[PDB]
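Shown next, in structure tokens, is the structure this report addresses.
Number of protein chains: 6
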Amino acid sequence: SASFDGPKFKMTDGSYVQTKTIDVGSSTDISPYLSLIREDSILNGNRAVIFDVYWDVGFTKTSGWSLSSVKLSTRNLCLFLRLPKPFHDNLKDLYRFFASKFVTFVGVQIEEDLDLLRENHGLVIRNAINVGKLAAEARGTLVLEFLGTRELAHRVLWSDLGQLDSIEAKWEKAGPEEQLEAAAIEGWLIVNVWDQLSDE
Amino acid sequence: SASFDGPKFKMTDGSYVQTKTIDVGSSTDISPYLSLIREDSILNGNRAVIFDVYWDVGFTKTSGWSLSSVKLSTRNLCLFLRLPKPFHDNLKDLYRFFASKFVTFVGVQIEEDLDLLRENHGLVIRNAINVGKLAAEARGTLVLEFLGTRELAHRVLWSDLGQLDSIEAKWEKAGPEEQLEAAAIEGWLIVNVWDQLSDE
Amino acid sequence: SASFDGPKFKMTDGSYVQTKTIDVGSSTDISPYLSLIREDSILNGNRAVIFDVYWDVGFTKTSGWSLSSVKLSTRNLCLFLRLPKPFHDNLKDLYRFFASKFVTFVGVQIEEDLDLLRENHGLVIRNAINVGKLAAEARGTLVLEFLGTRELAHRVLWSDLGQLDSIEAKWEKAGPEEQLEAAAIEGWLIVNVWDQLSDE
Amino acid sequence: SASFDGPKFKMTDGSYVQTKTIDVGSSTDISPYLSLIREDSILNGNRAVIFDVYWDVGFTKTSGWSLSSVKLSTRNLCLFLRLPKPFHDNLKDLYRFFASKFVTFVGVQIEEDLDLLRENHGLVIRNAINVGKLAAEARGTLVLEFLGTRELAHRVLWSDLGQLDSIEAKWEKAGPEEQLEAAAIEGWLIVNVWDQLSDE
Amino acid sequence: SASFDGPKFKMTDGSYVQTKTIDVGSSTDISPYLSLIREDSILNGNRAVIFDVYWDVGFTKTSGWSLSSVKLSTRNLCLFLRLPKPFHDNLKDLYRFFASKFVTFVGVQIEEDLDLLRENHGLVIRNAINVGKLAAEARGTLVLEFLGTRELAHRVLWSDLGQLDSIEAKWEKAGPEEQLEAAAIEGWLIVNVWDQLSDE
Amino acid sequence: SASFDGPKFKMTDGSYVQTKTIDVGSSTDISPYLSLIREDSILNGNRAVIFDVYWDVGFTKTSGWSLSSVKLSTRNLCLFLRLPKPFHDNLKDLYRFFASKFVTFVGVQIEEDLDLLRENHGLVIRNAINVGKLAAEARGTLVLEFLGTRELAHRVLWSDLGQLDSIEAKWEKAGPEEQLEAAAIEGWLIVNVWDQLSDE
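Residue numbers (the deposited numbering), protein chains in the order written: chain F, 1 to 59, 66 to 206; chain E, 1 to 59, 66 to 206; chain D, 1 to 59, 66 to 206; chain A, 1 to 59, 66 to 206; chain C, 1 to 59, 66 to 206; chain B, 1 to 59, 66 to 206.
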């Protein structure tokens with residue numbers, strides 16, 4: 001079965017979120033996993049796919071960083087790829103995926119990650135939006151442009167952030183489980199941020 | 001006589017799009033169809049040609071991308087071109103066409119493709135229009151420059167995208183003619199978005 | 001001596017455009033015909049000059071793009087310089103005049119062109135205007151920067167464009183003579199587009 | 001367990017800034033201190049982390071700038087990290103901190119630092135803000151974009167800075183502990199700045 | 001003693017301009033003339049000298071172009087310097103004059119000029135301004151930005167340009183002395199253009 | 001000991017400025033001199049230092071320029087620095103100076119001056135401002151952004167500049183002490199410009 005069989009997490013408005021963490025290896029087909037997300041975004045999430053990237057530090067002086075992970079969030083799905091260093095050819099599906107015009111790619115503070123993706127991986131997100139700028143602008147409030155995730159979720163939702171803060175506040179001690187929950191939470195939270203700004 | 005003898009599709013308006021697919025070689029002459037694209041553009045299309053490009057992704067980093075397909079749509083026609091790698095001289099017709107000032111090349115989210123196209127192929131579209139932004143400014147809706155081909159149509163024309171969302175939701179399993187049909191409805195959706203935008 | 005003794009065309013408002021075409025080799029003198037345009041442009045056109053360019057696309067990929075000819079139009083004249091490859095020193099006069107302050111160089115869809123001219127042939131134009139943008143602003147119509155040629159002047163001079171549309175509609179079946187008419191007419195139109203713009 | 005046993009500096013409002021200065025060697029684990037910064041910022045500072053970097057100038067013409075120290079501040083704590091010459095792997099923690107998204111990074115006059123951090127160490131603060139600008143825009147007082155750490159605190163807050171001015175005025179002669187107080191004073195000060203602008 | 005011992009020209013406002021021409025070889029001392037320009041721009045020229053440049057085009067492709075001529079003039083004076091290829095140490099003072107902050111350097115279309123001068127001669131103009139460029143905004147007429155030297159004067163001052171128009175209307179049919187006339191008149195007009203935008 | 005014992009000059013309002021001129025070789029210690037400027041700046045000079053630079057032009067095309075003169079001005083002191091070529095270790099004291107955010111480095115027409123400092127010497131000014139632009143936004147006059155040092159001061163302070171003007175007008179006949187006089191004057195003027203705008 002190609003389904004999302006990792007832990008479900010309970011949000012704040014009653015809904016839940018699944019899981020699918022893969023230790024992406026050289027011949028790990030991640031396409032069927034990329035399908036759902038797409039299917040879910042198109043049928044259930046208004047065609048937005050929320051994301052985030054994680055970099056292994058490195059040593066142009068930033069040509070050493072490695073794209074160690076990626077988060078993709080829609081209505082009902084979140085996939086966590088723990089990409090390999092270095093990339094193998096099975097990753098074309100990853101590149102092909104990010105170049106699609108079916109969905110807008112939503113992320114917070116991505117200007118830098120995008121140049122990195124370009125210079126260090128040749129990955130192009132043809133349809134991306136750094137969402138803090140549109141947030142601040144749609145609202146005429148400059149400060150939203152310079153907010154991190156948790157805090158950008160607050161100046162747009164106010165939903166209860168206590169649980170997310172308890173995990174983030176103690177991130178050094180948080181096991182892969184609470185760490186995954188924080189990623190699903192803000193992965194869902196930014197979905198709510200975008201629905202609000204564009205459904206407006 | 002030079003003709004679009006491929007499958008025909010019906011839009012949410014009884015209209016019928018005439019298609020053609022050329023697997024261009026190193027001795028093929030595609031000029032009779034681009035000329036048919038230009039004619040329908042001038043005579044009955046307010047000199048707009050809508051387009052999209054499709055790359056063979058690759059691993066200077068964005069050096070792996072290579073134009074594998076080009077779609078050119080006019081109100082009446084949709085010309086889908088599957089291209090080889092590398093190009094041969096016979097494709098000079100495509101460069102010459104895209105550099106034309108007779109019509110405006112209407113694309114959706116082509117900012118990265120216009121550049122990868124310029125840098126990777128030398129295919130200058132002197133008169134291209136990333137159509138997105140115009141929408142946001144004209145309609146006074148910030149999110150328009152930030153949507154995929156469909157959602158922009160939905161947000162600008164609010165027509166029926168039923169057949170469209172269905173085929174796209176299950177993309178990796180859609181037959182060839184289903185993928186063409188999706189290209190058709192999008193080509194027709196944007197040729198309408200444009201016609202609706204240049205006159206308001 | 002020198003005079004525009006080629007085909008003289010009659011415009012829709014009854015005016016005429018004289019013409020001249022030279023098959024520039026590597027020894028000819030093109031000054032004499034450059035004077036006449038600068039004469040008509042200063043005495044009859046008030047430093048108005050409308051041009052267009054044409055490239056040989058060769059297989066940095068745009069490095070091969072070489073200039074094949076240029077169109078220079080004023081009030082009552084249309085000059086055509088068909089260029090060799092490579093260029094010879096007798097062509098220094100086209101460079102000093104295209105980059106002249108004694109006059110300006112109104113172009114339609116020229117940003118890329120300036121790039122190719124400067125970067126590919128050391129061709130600099132110091133006083134240039136990509137007229138769609140000024141047209142768009144001058145008259146509160148965003149879509150004018152994005153129109154190509156016949157539609158900018160349409161949206162702006164609303165003049166008789168049947169004959170023009172009739173020819174370009176079948177560009178491929180047009181004799182080098184009729185293609186002249188189509189170019190002289192769009193040149194005249196654009197000079198008219200600009201005479202209006204500088205006054206608004 | 002971790003604590004900050006360096007001196008505290010009861011500010012001017014009666015509060016006490018707890019400080020700590022660490023000499024980072026090739027095996028020093030600073031994760032416990034950064035952990036507490038993020039912890040305090042999140043549970044006590046609204047996820048803002050103000051900062052500043054210290055440069056060793058050496059003899066690209068700017069290739070001789072050497073990041074010798076970095077100051078991180080929340081309302082309760084100010085952490086000083088003084089980097090070793092060979093950056094080993096135990097510094098990837100610092101890098102991962104400047105890259106996180108859990109908090110933001112607000113500095114005074116940081117345009118050349120980040121640019122410089124990016125060129126000499128491969129360090130790109132994913133989410134940071136050059137606050138003088140936000141203050142100028144937020145308040146409509148352009149000049150705020152051009153003030154050093156103090157006139158900015160002065161012109162925005164108008165608080166007592168006698169202790170600070172008297173220390174910086176005789177800077178060449180200031181010893182260790184005194185230097186600590188100046189930056190320390192400036193750390194807490196900028197912490198208040200962002201707090202007063204983030205929601206005004 | 002060095003003086004402006006060339007012809008004088010009556011301007012249409014009844015005033016006069018004194019001029020000096022010099023072909024620079026290698027042992028030429030131009031400093032006296034520069035001093036006369038500065039003194040007069042300071043004493044009564046309100047510290048804004050009008051300056052224009054001329055090029056020796058030559059087969066980065068534009069790196070063979072040499073700053074062929076340099077015109078430096080204000081109200082009362084005009085200096086024309088024809089340069090050799092390559093420069094000798096005696097042109098350093100031209101580089102220095104062009105660097106002074108005692109005055110503002112004004113010229114028509116300098117955008118490509120400043121680039122070229124920087125790139126092929128290391129000659130930097132530290133305190134420069136595009137006159138027609140400031141002319142446009144200062145008047146709510148976006149097209150003033152794109153005017154050749156004659157028209158800008160025409161459209162901001164609207165005087166009698168018959169004499170100049172007469173000469174720039176038969177360029178090749180004019181001797182060396184006649185070229186200086188237009189140059190010197192080239193100046194006066196911009197001088198008055200600046201003064202109009204002076205206290206507007 | 002270290003003090004400003006050069007000529008003292010009387011300004012427009014009867015105040016004075018003390019000078020110091022240092023012929024910096026490889027052994028010169030501007031130490032108590034960078035140190036004294038910092039102080040005068042802090043206690044009595046409104047958190048910034050007015051400053052101007054001057055270049056030695058020698059023959066990348068702009069790499070012949072060598073910073074030969076650094077003028078550092080404050081409330082009461084005009085410190086002067088003539089540099090050697092190339093720099094010795096004794097120039098670390100200088101690089102560190104302009105790296106301080108204790109004061110704002112206010113310059114007039116510094117665009118290229120900040121650019122040459124970077125590519126020529128790798129010298130970085132973190133807290134710099136090209137002040138003419140600020141005056142333009144504040145004082146409501148477009149031109150001030152394009153004014154020289156004296157004209158900007160004239161235009162913002164309507165101060166008597168007869169003294170400065172007479173010296174600048176005949177600059178070639180001015181000796182060392184007369185040029186310092188003018189340099190100290192322009193410094194005082196910009197200092198007065200800075201006090202004025204900071205309050206607006």
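Note that beta-carbon positions come from the ideal geometry of N, C-alpha and C, so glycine has one too.
Residue-level contact check: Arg-47 of chain B does not touch chain C, since none of the beta carbons of chain C fall below 8 Å from its beta carbon.
When DSSP assignments are scanned along the segment 128 to 202 of chain F, the uninterrupted stretches of beta strand (DSSP E) that are 3 or more residues long and fall wholly within it turn out to be 134 to 136. The segment 90 to 98 of chain D makes no contact with the segment 100 to 119 of chain C: fewer than 3 CB pairs, one atom from each, lie closer than 8 Å. Residues of the same chain with a CB within less than 6 Å of the CB of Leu-85 of chain E, apart from the 5 flanking positions on each side, are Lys-20, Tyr-33, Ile-37, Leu-78 in chain order. By the Cβ neighbour-count rule, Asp-121 of chain C is exposed, with fewer than 16 other Cβ atoms within 10 Å of its own.
Contact between the segment 158 to 169 of chain C and the segment 189 to 201 of chain C is present, with at least three C-beta pairs closer than 8 Å. No Cβ of chain D is located within less than 8 Å of the beta carbon of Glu-143 of chain C. What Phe-152 of chain D touches in chain E, judged by beta-carbon distance under 7 Å, is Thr-110, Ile-135, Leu-140, going in chain order. Residues of chain E whose Cβ lies closer than 9 Å to the Cβ of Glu-39 of chain F are, in chain order, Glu-174, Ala-175, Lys-176, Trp-177.
Legend: CB atoms of the segment 79 to 92 of chain F lying less than 8 Å from CB atoms of chain A are not found in any residue.
Between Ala-189 of chain E and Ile-173 of chain E, the gap from beta carbon to beta carbon reaches 8 Å or more.
Residue pairing from DSSP leaves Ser-204 of chain C without any beta-bridge partner. One alpha carbon belongs to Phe-4 of chain D, the other to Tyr-16 of chain D, and they sit about 12 Å apart.
For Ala-105 of chain A, the enclosing alpha helix (DSSP H) begins and ends at 98 to 105. Contact annotation, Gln-18 of chain E with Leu-87 of chain E: C-beta distance approximately 15 Å; criterion of less than 8 Å not satisfied. Only those residues of the segment 121 to 132 of chain A whose C-beta falls short of 7 Å from the nearest C-beta of chain F are listed: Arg-124, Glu-125, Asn-126, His-127, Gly-128, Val-130, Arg-132. The beta carbon of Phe-9 of chain D lies closer than 6 Å to those of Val-17, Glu-187, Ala-190 in the same chain, with the five residues before and after it left out. The contact set of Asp-166 of chain B on chain C, defined by CB atoms closer than 9 Å, is empty, because the minimum CB distance reaches about 15 Å. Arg-161 of chain F is outside the set of residues whose beta carbon lies under 8 Å from a beta carbon in chain E.
Counting only the Cα atoms, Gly-168 of chain D lies some 47 Å from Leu-43 of chain F. Per DSSP, the continuous alpha helix (DSSP H) segment holding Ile-42 of chain E begins and ends at 31 to 44.
Under the 10 Å beta carbon count, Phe-104 of chain B is surrounded by 16 or more other beta carbons and is classified as buried. Contact with chain A is absent for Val-197 of chain F, since none of that chain's Cβ atoms lies less than 8 Å from the residue's Cβ. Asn-136 of chain A places its beta carbon less than 8 Å from that of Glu-117 of chain A. Your pair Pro-92 of chain A and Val-24 of chain A does not check out as a contact, with CB atoms roughly 11 Å apart and the cut at 8 Å.
Residue-level contact check: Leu-43 of chain A touches chain F, since one or more beta carbons of chain F fall below 8 Å from its beta carbon. A direct Cα-to-Cα measurement between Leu-129 of chain A and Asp-29 of chain A gives close to 19 Å. For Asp-52 of chain E, the CB contacts under 6 Å within the same chain, skipping 5 residues up- and downstream, are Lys-77 in chain order.
Beta-bridge analysis with DSSP links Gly-113 of chain A to A:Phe-51, A:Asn-136. The three-state reading of DSSP puts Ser-69 of chain C in helix, counting H, G and I together.
Going by beta carbons, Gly-58 of chain D and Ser-75 of chain D fall outside the 8 Å limit. Taking each of E:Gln-202, E:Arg-145, E:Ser-1 in turn and checking the Cα distance to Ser-165 of chain E, the smallest one comes out for E:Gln-202. Its chain contains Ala-48, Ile-50, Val-112, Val-137 as the residues whose beta carbon lies nearer than 7 Å to that of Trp-200 of chain A, once the 5 sequence neighbours on both sides are disregarded; these appear in chain order. From the beta-carbon of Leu-203 of chain D, the residues of chain C found nearer than 8 Å are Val-149. For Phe-59 of chain D, at least one C-beta of chain E is nearer than 8 Å to its own C-beta. Rounded to the nearest whole angstrom, the C-alpha separation of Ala-175 of chain F and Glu-39 of chain A is 4 Å.
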